[PDB]
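# Observations on the three-dimensional arrangement
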Amino acid sequence: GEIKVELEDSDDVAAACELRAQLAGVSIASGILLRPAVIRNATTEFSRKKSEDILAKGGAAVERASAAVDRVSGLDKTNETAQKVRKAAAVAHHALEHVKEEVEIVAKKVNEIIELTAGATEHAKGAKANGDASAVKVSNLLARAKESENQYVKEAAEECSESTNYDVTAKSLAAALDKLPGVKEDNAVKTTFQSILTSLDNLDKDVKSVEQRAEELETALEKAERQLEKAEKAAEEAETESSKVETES
Amino acid sequence: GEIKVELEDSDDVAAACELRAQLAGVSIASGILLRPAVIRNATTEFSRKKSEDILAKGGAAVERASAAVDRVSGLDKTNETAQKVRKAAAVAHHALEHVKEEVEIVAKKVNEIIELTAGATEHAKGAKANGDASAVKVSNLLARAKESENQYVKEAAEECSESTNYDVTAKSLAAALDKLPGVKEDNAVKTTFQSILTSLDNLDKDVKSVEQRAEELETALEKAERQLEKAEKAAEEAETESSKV
Amino acid sequence: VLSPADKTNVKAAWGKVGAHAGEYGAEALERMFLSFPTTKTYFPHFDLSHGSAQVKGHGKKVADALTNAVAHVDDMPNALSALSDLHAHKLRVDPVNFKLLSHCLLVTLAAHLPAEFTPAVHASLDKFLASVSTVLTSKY
Amino acid sequence: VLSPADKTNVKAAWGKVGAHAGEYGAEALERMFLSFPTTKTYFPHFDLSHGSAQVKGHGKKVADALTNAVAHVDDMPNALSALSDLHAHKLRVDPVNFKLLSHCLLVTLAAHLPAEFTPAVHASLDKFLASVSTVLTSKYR
Amino acid sequence: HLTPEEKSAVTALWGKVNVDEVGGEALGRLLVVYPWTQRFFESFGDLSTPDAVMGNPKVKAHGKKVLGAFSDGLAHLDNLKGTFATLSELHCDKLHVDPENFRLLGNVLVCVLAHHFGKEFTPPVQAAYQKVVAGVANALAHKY
Amino acid sequence: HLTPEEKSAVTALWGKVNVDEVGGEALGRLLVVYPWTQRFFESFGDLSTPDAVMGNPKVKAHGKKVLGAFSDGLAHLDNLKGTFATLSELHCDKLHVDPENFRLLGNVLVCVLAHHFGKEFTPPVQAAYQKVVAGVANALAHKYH
Ligand code: HEM
Ligand code: HEM
Ligand code: HEM
Ligand code: HEM
């Protein structure tokens, strides 16, 4: 269905013209909004593999210390000097339980980003489709106003340009819709206009939350790296005692 | 040594200015002259090893017919079936004699192009080295004219621009040198000037001869190809009658 | 720099485009996404399926830009001053992509204008589409 | 399009080059032939050996062209109208090579102007050298 | 790099191209659209105007030998690196043809095929020929 | 590939580069000279001015991780294809980064090394680094062809 309420005056026509331009500019806006969050979802595959590795290097640093502590099991039993060669291996396994902890975080964040991005795409296509559709109905309303039995309305619709607003936001659009409450609330577009405002607002809420989960994910990979350094240098540390001792008890 | 004869008047200074620009423009000229003949020398080895494979395909088309004529040997000089193989094989070996002939041409032309191009490069280097060295001596002569007690010579040398003539030829340069016979015949540059005129003339004589040896070459590879088609279709013709027994 | 002869050929060839401008633009873009799939990334919020109306819509917007550019060939930088900014500062399209659409536009015009797409015209159209690309890349 | 800010940086950086113009030119070319040996083909009649005087000579001719281009930044196409024709119709240099020398000129200026070649200036010099290349490539059609 | 459905449309269209002339139409178009490319073919004679370039028997001739190389790569799609190997030595080691020029000629061929086939040269078949010409460009610039 | 005399000058100079900062200087310079590359780093924060970019801790940080890849591939010159293989998947099939941008960053690194070493970054050593950066560009764009 088309918009039944006609453009009463020259000032009303001018608002509808800016509205046809705002609704057109929704197409550009969502694209620019969604795009960086898609770049972030592209790195989740790579950043997960980095975590499975820090775990692999961790498990291996644990196994190098677990073999080094096995060699010095039957050399000093409940003695004084060998109480130290077991301490670094304890530091090594404790550091791993932290590596294994942060890797679980990276995993959950990867799944969160995927789910958020897949979601935001639907909000950007949804805002786009409802954008372009409603602008058609507004253009037709202006096209009728170019025929209007009123000379001031006929000239305002004529002077009025077919343009696209490049700086559209959820705010600027609601502001353009406030100018024409009769169009804003007309049954032919009423829900479509309401569907854009929500879709745009949810799309920004998602893009921001993707930047957020990434910040949490990068923190975990740095913390997994800190503990891998702590594990390796505790492995190679008291495991140094394993090369110096070849003796028999 | 430097040029000893001084610039007498404003018209003399003007000729020396153009002659300098001409001598400067010799480097550009030889570069533009030599370059296409170097592109032609780059295709020689490709074309030789292309001729080598037309001979190999020829020899193989000959050996396929030479084996096909060995099978049909057990027959008299009366059967149409037995004679068509022997005759196509004769056509096949005769076609090879011309493949083998054109390949000798390709070989000699390749060696000729290499020798010509290697030669022309030295001419182009010699003409630029001598063309640029002499321009230095002419510039110094103009630099001394910017000091002259003549008000007209000092001003003409001053107005005179440090430029490079882009449309230099062996003709245009000799023409610029004719304007100043005192400079042209000065012992400090006389022979260097004569060395440019000869080097430039020989460089054009070589570049043109490279364009000629290549047409005479391409013709031979086409003629070797025509005869390879004539050999193969007489050889495959002999193989048609050899499977027939 | 477009010569009076180059200019005549453009105007004449785009003159023959006329009514079908919108369908052509849509094909140029569809050809671009298929041949160079990394171009699709600038449209994550678009339906890029075969014969989409989003692509049909965008197609006309790209062609009417070009129809305006032809009309204002002598003053092309001011004619597209709007887009040269939109592309540079808002979309941040890599300049290497302007070369890709320009070629797909030539592929479109070759397929539809058998007579007019001659070697003389092929040169003048590529000359022009390079100039359009230069304008759009001018604000980086 | 070079901004008034871009223009100031060029003039300032090439202002610091000064007498060393024919020095940095010879360097830029020597760097180009070594990094991109494909470029040497346009000079078959040249001695391209280390520290050649042919290359030293050509170097100054290339730099004085650039010194003129800086002086006439606002009207660069007419300033180099001579060369844009020489390169296009007489030499027939492939346009892809203008990109290579332009980079070697930046490599030269980075090595010699430690203070001057800042990120702000690096951008403005590359914008300028692209504009010089654009002028020289303008007559190829 | 091509899908069996693409290999099907590609070898289909190619069997319909006039081998005798489509090569000279691409090679001539290159020397007309990108004139600097003439520096390699100065011995070709008359190259002053597009009608003098298109008319040139040497251009149409060499055009046939160049298309013949395309007809070979279009047979040997699985192994392009080796097919064009001998030519890579000639175009890279000896003549030093900047690889973009191969790319330029490649796009010009695609333009000629579109000009000839029209509505038969559909976006997905263009997409497939693009893969081919990109391959033939890489296979030739392999020595770099 | 490189000559044993070049491999000698290359690994010489590289052992003198401040790994901690030369990476951020190249990455920052890329986003300053070629601004469109910024679409790839909108989460980095403030990038509005060259001094905001150069100052950005995320830029200097990420700069260190990209130089680390350069330090990695400079060791295994004989096998660059495999060294950068994991990264090729990220830059090509995931991010969809145009290969010329890798080339642009490569030339920017060469500009940074010249800016830092000066008369030590001689025409023949530049020539060798050029071969390296060309290799690292190809190895990364391997997933395209
Ligand atoms: C022949 C040159 C081109 C012209 C004339 C052109 C024209 C334009 C126009 C007129 C618009 C938006 C106008 C509106 O909707 O009101 C625009 C938007 C856009 N262009 Fe271009 N463009 C060109 C090349 C490019 C290229 C090479 C790309 C990148 C592959 C690009 C990607 C975009 C994108 C992403 C949009 C955003 C529009 C949206 O999201 O709805 N176009 N095009
Ligand atoms: C980008 C800035 C460039 C400038 C400012 C420039 C400047 C010039 C000038 C002024 C000349 C003429 C010298 C004279 O008057 O004698 C010229 C000649 C020449 N240029 Fe360029 N050029 C540039 C780029 C190129 C490039 C990229 C190439 C190589 C592909 C090229 C190759 C040549 C050659 C071969 C000559 C002729 C030299 C001779 O044979 O004497 N230059 N250069
Ligand atoms: C891109 C695909 C290309 C293919 C398939 C190709 C094919 C070949 C072939 C088959 C030949 C040898 C012809 C013969 O036997 O006489 C050759 C020669 C040659 N090609 Fe290419 N070529 C290509 C691109 C290039 C480009 C872009 C140029 C430079 C503009 C180049 C310049 C040459 C030259 C100068 C020769 C020597 C031909 C002669 O003058 O006799 N071609 N071409
Ligand atoms: C050519 C040399 C390059 C190398 C060696 C390289 C290396 C890498 C490395 C090692 C990472 C990820 C490191 C980590 O997260 O731990 C990566 C990430 C990235 N690279 Fe590259 N890169 C190069 C060039 C490019 C260029 C030219 C761009 C395009 C602008 C590109 C865009 C990116 C992006 C967007 C990321 C992801 C940043 C993030 O995780 O949020 N880089 N680089």
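Calculation rules
Residues numbered from 1 in each chain as written, not as in the entry; some residues may be left out. Chains lettered and ligands numbered in written order. Heavy atoms only, no water. Helix = DSSP H or I, 4+ residues; strand = E, 2+ residues; numbered from the N terminus. Rg over C-alpha atoms; globule rule 2.2 N^0.38 Å. Buried < 20%, exposed > 50% of the residue type's maximum accessible area, 1.4 Å probe, protein only. Contact = heavy atoms within 4.5 Å. Areas by Shrake-Rupley, 256 points an atom, 1.4 Å probe, with all protein chains shown as cover. Donors = N, O, S within 2.8 Å, 3.2 Å for Na, K, Ca; no water. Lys, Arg positive; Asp, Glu negative; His and termini not counted. Salt bridge = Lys/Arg side-chain N within 4 Å of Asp/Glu carboxyl O. Buried area = accessible area lost by both parts, 1.4 Å probe. Nonpolar A, V, L, I, M, F, W, Y, C, P; charged D, E, K, R; others polar. UniProt positions renumbered as here; feature names shortened; annotations may be inferred. Disulfide = S-S within 2.5 Å. Near = heavy atom within 4 Å. Polar contact = N/O pair within 3.5 Å; in protein donor to acceptor, adjacent residues only side chain to side chain. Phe/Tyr/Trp six-rings, centres within 6.5 Å; stacked < 30°, edge-to-face > 60°. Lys NZ or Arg CZ within 6 Å of the ring centre and 35° of its normal. Axes fitted to C-alpha atoms, helices over the stretch in contact; angles between N-to-C directions. Parallel < 35°, antiparallel > 145°, perpendicular 65-115°, else oblique. Left-handed = near helix turned anticlockwise from the far one by under 90°. Expected span 1.5 Å × (residues − 1).

### Description of the overall build of chain E
Check the secondary structure of chain E and you find 8 helices and 0 strands. For 144 residues, the compact-globule estimate of 2.2 N^0.38 gives 15 Å, and the C-alpha radius of gyration of chain E, at 15 Å, lies within 12% of that figure. When the backbone C-alpha atoms are referred to their principal axes, chain E occupies close to 45 × 35 × 20 Å. Relative to its full complement of 144 residues, chain E shows a buried share of 54%. A separation of at least 24 residues holds for 72% of the contacts in chain E among residues at least 6 apart in sequence. For chain E, the accessible surface area stands at approximately 6300 Å², while carbon and sulfur atoms represent 55% of it.

### Considerations on the coordination of the iron atom of ligand 4
A lone protein donor contacts the iron atom of ligand 4, and this donor is F:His91 (NE2), found at 2.2 Å. Turning to its location among the elements, F:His91 is positioned in helix 6 (residues 85–94).

### Considerations on the side chain of B:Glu241
Residues and elements named next belong to chain B. Position of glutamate 241 among the secondary structure elements: in helix 7 (residues 190–242). Despite its burial, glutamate 241 pairs with no opposite charge, the nearest such side chain being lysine 84 at 5.0 Å. With sequence-adjacent residues up to four places away left out, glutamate 241 is seen in contact with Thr81, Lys84 and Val85.

### Section: the interface of chain E and chain C
Quite often, the size of an interface is put as the accessible area lost when its parts meet. On the chain C side, the residues contacting the 21 residues of chain E number 22 residues. Contact between chain E and chain C buries roughly 1800 Å² in total, counting both sides, with carbon and sulfur atoms accounting for 62%. The interface formed by chain E and chain C includes 1 salt bridge. A salt bridge links E:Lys119 to C:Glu27; the shortest N-O distance between them is 3.4 Å. Secondary structure elements with two or more residues in the side of chain E that touches chain C: helix 2 (22–33), helix 7 (99–117) and helix 8 (123–140) of chain E. If one sorts the elements of the side of chain E that touches chain C by residue count, helix 7 of chain E sits on top with 7 residues. Along the lines of polarity and charge, the residues of the side of chain E that touches chain C split into 12 nonpolar, 6 polar and 3 charged.

### Overview of the interface of chain D and chain B
Across the boundary between the two partners, chain D contributes 11 residues, which contact 13 residues of chain B. Carbon and sulfur atoms supply 62% of the area buried between chain D and chain B, which totals about 1200 Å² over both sides. It is D:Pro44, D:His45 and D:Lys90 that lose the most area in chain D upon contact with chain B, and together they represent 52% of the buried surface on that side. Between the two partners, chain D and chain B, sit 1 salt bridge.

### Observations concerning the UniProt feature "binding site: heme b" (unreviewed entry) in chain A
The positions UniProt marks with the feature "binding site: heme b" (unreviewed entry) are A:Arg40 and A:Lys50. Following the sequence through the fold, A:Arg40 ends up in helix 2 (residues 26–42). Apart from the residues lying within four places of it in its own chain, the contact partners of A:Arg40 are A:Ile113, A:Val210, A:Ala214 and F:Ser43. Mapped onto the elements, A:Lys50 comes out in helix 3 (residues 44–71).

### Points about the state of the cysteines
Under the counting rule described, the total for this entry stands at 2 disulfides over all chains. Between the sulfur atoms of B:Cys17 and its disulfide mate B:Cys160 the distance is 2.1 Å. Between B:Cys17 and B:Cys160, the S-S dihedral sits near 95 degrees, and the bridge is therefore right-handed. Taken together, the positions of B:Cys17 in helix 1 (residues 10–41) and B:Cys160 in the loop between helix 4 (151–159) and helix 5 (170–178) put the pair 143 residues apart, joining distant regions of the chain. With respect to burial, B:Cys17 and B:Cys160 carry one shared label: buried. C:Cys104 provides the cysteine sulfur closest to E:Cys111, a residue in no disulfide bond, and the two sulfurs are 9.2 Å apart.

### Looking at the coordination of the iron atom of ligand 1
In this structure, the iron atom of ligand 1 receives exactly one donor atom from the protein: C:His87 (NE2), at 2.4 Å. Checked against the element boundaries, C:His87 lands in helix 5 (residues 81–91).

### Considerations on the site of ligand 2
What surrounds ligand 2 is a group of 22 residues, the closest being B:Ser27, D:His45, D:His87, D:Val93 and D:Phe98. More than one chain reaches ligand 2: its neighbouring residues belong to chains B and D. One nitrogen or oxygen atom from the side chain of D:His45 is found 3.1 Å from an oxygen atom belonging to ligand 2. Broken down by secondary-structure element, the contributors of at least two residues to the shell around ligand 2 are helix 1 of chain B together with helix 3 (53–71), helix 5 (81–91) and helix 6 (96–112) of chain D. Among the elements that line the shell around ligand 2, the one with the most residues is helix 3 of chain D, at 5 residues.

### Things to note about the packing of aromatic side chains
Using the criterion set out here, one finds 14 aromatic pairs over all chains in the structure. On the basis of an interplanar angle of 75 degrees and a centroid distance of 5.7 Å, the ring pair of E:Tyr34 and E:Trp36 is categorised as edge-to-face. Take E:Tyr34 and E:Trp36: they sit in the same class, and that class is buried. Judged by centre distance (6.1 Å) and plane angle (35 degrees), the rings of F:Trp14 and F:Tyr129 are tilted. You can see F:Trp14 sitting in helix 1 (residues 4–14) and its partner F:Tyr129 sitting in helix 8 (residues 123–140), a full 115 residues away along the chain. With respect to class, F:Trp14 is no different from F:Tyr129; both count as buried. An aromatic cluster of at least three residues, connected via ring pairs, comprises C:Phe33, C:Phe43 and C:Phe46. Its end group placed over the ring of C:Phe46, A:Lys128 keeps NZ or CZ at 3.3 Å from the ring centre.

### Observations regarding the packing of helix 6 of chain D against helix 7 (residues 119–137) of chain D
Residues and elements named next belong to chain D. Their axes nearest at 10 Å, the elements helix 6 and helix 7 cross at an angle of 150 degrees. One element, helix 6, and the other, helix 7, form an angle in the roughly antiparallel class. In this structure, helix 6 meets helix 7 at a crossing whose hand is right-handed. Between helix 6 and helix 7, the residues in contact are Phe98, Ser102, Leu105, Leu106 and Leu109 and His122, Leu125, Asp126, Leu129, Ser133, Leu136 and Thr137, respectively. Among the residues making up the contact of helix 6 with helix 7, the classes are represented as 7 nonpolar, 4 polar and 1 charged.

### Quick look at helix 7 (residues 99–117) of chain F
All names here are of chain F. Between its first and last C-alpha atoms helix 7 spans 27 Å; for 19 residues at 1.5 Å apiece the expected length is 27 Å, and the two agree. Judged by how many residues are buried, helix 7 sits mostly within the fold: 14 of 19 residues are covered. Immediately downstream of helix 7, the backbone of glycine 118 shows phi near 65 degrees, a positive value.

### A few points about the site of ligand 3
Lining the immediate environment of ligand 3, one finds 20 residues, of which B:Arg40, B:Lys50, E:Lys65, E:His91 and E:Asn101 sit closest. Nearby residues around ligand 3 are contributed by chains B and E. In the environment of ligand 3, an oxygen atom lies 3.1 Å from a nitrogen or oxygen atom belonging to the side chain of B:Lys50. In the environment of ligand 3, a nitrogen atom lies 2.9 Å from a nitrogen or oxygen atom belonging to the side chain of E:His91. Elements with a contribution of two residues or more to the shell around ligand 3: helix 2 (44–71) of chain B together with helix 4 (57–73), helix 6 (85–94) and helix 7 of chain E.

### Details of the side chain of B:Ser134
Residue and element names in this part refer to chain B. Its location among the elements puts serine 134 in helix 3 (residues 80–145). For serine 134, a relative accessible area of 1% gives the class buried. Only 3.3 Å separates the side chain of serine 134 from the backbone oxygen of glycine 131, close enough to count as a polar contact. For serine 134, the residues in contact, after removing those within four places along its chain, are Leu23, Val189, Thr192, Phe193 and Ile196.

### Some thoughts on the environment of B:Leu96
All names here are of chain B. Assignment of secondary structure puts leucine 96 in helix 3. Spatially, the C-alpha atoms of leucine 96 and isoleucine 54 are 9.8 Å apart, while their sequence positions differ by 42 residues. Leaving out residues up to four positions away in the same chain, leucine 96 has contacts with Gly58, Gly59 and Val62.

### Regarding the environment of B:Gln194
The topology assignment puts B:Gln194 in helix 7. With a relative accessible area of 45%, B:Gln194 lands in the partly exposed category.

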